[PDB]
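Contents: one structure, followed by commentary.
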Amino acid sequence: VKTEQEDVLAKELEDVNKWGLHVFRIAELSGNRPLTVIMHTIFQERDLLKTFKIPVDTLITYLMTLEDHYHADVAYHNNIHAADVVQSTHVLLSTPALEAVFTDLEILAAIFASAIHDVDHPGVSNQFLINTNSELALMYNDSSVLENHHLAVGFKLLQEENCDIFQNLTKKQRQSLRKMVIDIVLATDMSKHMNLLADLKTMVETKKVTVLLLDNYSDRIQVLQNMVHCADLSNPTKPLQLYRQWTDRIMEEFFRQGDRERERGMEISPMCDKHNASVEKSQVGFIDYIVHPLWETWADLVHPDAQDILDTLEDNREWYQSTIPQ
Ligand SMILES: CNc1cc(Nc2c(F)c(F)cc(F)c2F)nn2c(C(=O)NC[C@@](C)(O)CO)cnc12
Ligand SMILES: [Mg+2]
Ligand SMILES: [Zn+2]
């Protein structure tokens with residue numbers, strides 16, 4: 001029989017299919033295991049263990065290992081952010097306009113990619129790693145340094161004791177899953193945002209419905225890449241109580257990087273100077289130039305499924321706009 005804390009956790013997890021899940025409460029209730037508990041719930045919900053013959057002990061060992069490689073000392077890019085992107089992707093995959101569009105393998109790829117997408121994040125940007133001549137930037141030739149590392153770690157961790165969750169997949173399933181996971185995580189690099197959005201806009205213009213109709217791999221992967229990119233950029237679309245916590249965390253992470261740049265005599269990166277900050281102006285700018293253009297295009301692709309998400313985004317933007325000190 002479940003512990004009283006485990007029962008409160010099970011009750012919170014009943015909202016796993018809802019936008020606005022109490023992810024921070026789940027992080028506290030699970031004893032800092034939001035990624036493990038949320039992924040296990042989603043895998044059970046979607047019958048992924050049965051479909052891909054994943055031993056339950058193998059899944060739990062891998063999830064705990066993966067979660068252990070997210071840094072507890074990093075304010076934003078940690079296991080809570082990973083659990084949040086996983087759960088947001090899970091909700092986006094269930095959108096009516098995408099019903100019966102994706103295979104179980106494509107679903108597994110989007111969820112697995114979301115889980116590993118920021119693993120072993122040091123809390124600093126690609127540029128900081130490049131400017132310091134870090135061994136990571138040297139290994140990855142200054143190109144999507146972090147994103148390449150997140151993927152290499154996510155896959156390397158499958159080799160630890162009883163961690164190979166893909167042990168019963170055929171070589172064909174593994175190569176297809178691997179290619180999709182790579183295409184998705186590499187699309188999370190912000191340097192790819194503008195080209196990803198431009199291609200999503202092109203698809204919206206020439207949109208074919210049967211519920212969406214996606215004929216080729218190129219179209220299917222573009223939707224999956226944009227979906228996980230939307231989940232990664234979903235904080236401003238969440239209820240304000242959740243969004244504000246995400247903002248405090250990213251600002252704390254940015255300010256810690258600025259402190260590191262300052263003590264090293266480096267130029268302080270945009271939004272990283274705690275002495276010359278505009279938290280509210282930075283959120284309006286992020287929403288106006290990145291989040292709103294992306295979510296507006298997604299809302300067009302899945303019309304009218306994302307209407308409430310777009311309405312919350314617009315309400316959160318006006319809350320921050322009204323907060324700017326004059
Ligand atoms: C909750 N608020 C935020 C999350 C948030 N998440 C976020 C991030 F911090 C990254 F480093 C990379 C990403 F892919 C992100 F989705 N970014 N953000 C900004 C912002 O300008 N970010 C874009 C930038 C300056 O990383 C492009 O290189 C401002 N507020 C936020
Ligand atoms: Mg990332
Ligand atoms: Zn992320």
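We're numbering straight along the sequence, starting at 1. Whatever order the structure lists ligands and atoms in, that order sets their numbers, starting from 1.
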Give a yes or no on whether the ring-centroid distance for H150 and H121 is below 6.0 angstrom. yes
Are side-chain N/O atoms of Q257 and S125 paired as donor and acceptor at under 3.5 Å? yes
Give a yes/no verdict on whether any heavy atom in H77 is under 4.0 Å from an atom of ligand 1. yes
For a distance under 2.8 Å, tell me if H81 has an N/O/S atom near the Zn ion (ligand 3). yes
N235 and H81: side-chain donor and acceptor closer than 3.5 Å? no
Quick one: look up the protein heavy atom nearest atom 16 (F) of ligand 1 and list residue, atom name and how far away it is. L233 CD2, 3.0 Å
Is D118 close enough to the Mg ion (ligand 2) that one of its N, O or S atoms comes in under 2.8 Å? yes
Protein heavy-atom partner closest to atom 6 (N) of ligand 1 - residue, atom, separation in Å: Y76 OH, 3.9 Å
Please report, to 10°, the angle around the Zn ion (ligand 3) from atom OD2 (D118) across to atom OD1 (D232). 180°
Does this structure show an ion pair linking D248 with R244, if we count only N-O contacts that are shorter than 4.0 Å? no
Of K238, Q257, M190, the one whose closest heavy atom lies nearest atom 12 (C) of ligand 1 is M190
In terms of ring plane angle, is the pair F112 and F166 parallel, tilted or perpendicular, where the classes change at 30° and 60°? perpendicular
Please identify which atoms of ligand 1 are closer than 4.0 Å to at least one heavy atom of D232. 14 (F), 16 (F)
Assess the side chains of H229 and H193: does a donor N or O sit below 3.5 Å from an acceptor N or O? yes
Atom indices of ligand 1, in the order listed, that fall short of 4.0 Å to a heavy atom of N235: 1 (C)
For atom 20 (C) of ligand 1, closest protein heavy-atom neighbour: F286 CD1, 3.6 Å
Using distance alone, determine whether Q283 and ligand 1 share an N or O pair under 3.5 Å. yes
Numbered atoms and elements of ligand 1 in range of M271, under 4.0 angstrom, heavy atoms: 20 (C), 21 (O), 25 (C)
Should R249 be listed as contacting ligand 1, given a heavy-atom distance under 4.0 Å as the test? no
Can a side-chain donor-acceptor contact be found between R46 and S94 if the only test is distance below 3.5 angstrom? yes
May I ask you to list the atoms of ligand 1 that are less than 4.0 angstrom from any heavy atom of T188? 14 (F)
Checking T188 against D232: is there a side-chain donor and acceptor pair closer than 3.5 Å? no
Heavy atoms only, cut-off 4.0 Å: how does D189 contact ligand 1, side chain, backbone, both, or neither? neither
What is the nearest protein non-hydrogen atom to atom 9 (F) of ligand 1, stated with its residue, atom name and distance? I250 CD1, 3.2 Å
When you compare the side chains of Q283 and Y243, does any donor N or O come within less than 3.5 Å of an acceptor on the partner? yes
Under 2.8 Å from the Zn ion (ligand 3) - does any N, O or S atom of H117 fall there? yes
Answer yes if the side chains of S191 and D189 hold a donor-acceptor pair under 3.5 Å, and no otherwise. yes
Think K238 forms a cation-pi with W19, using NZ or CZ under 6.0 Å from the six-ring centre and within 45 degrees of its axis? yes
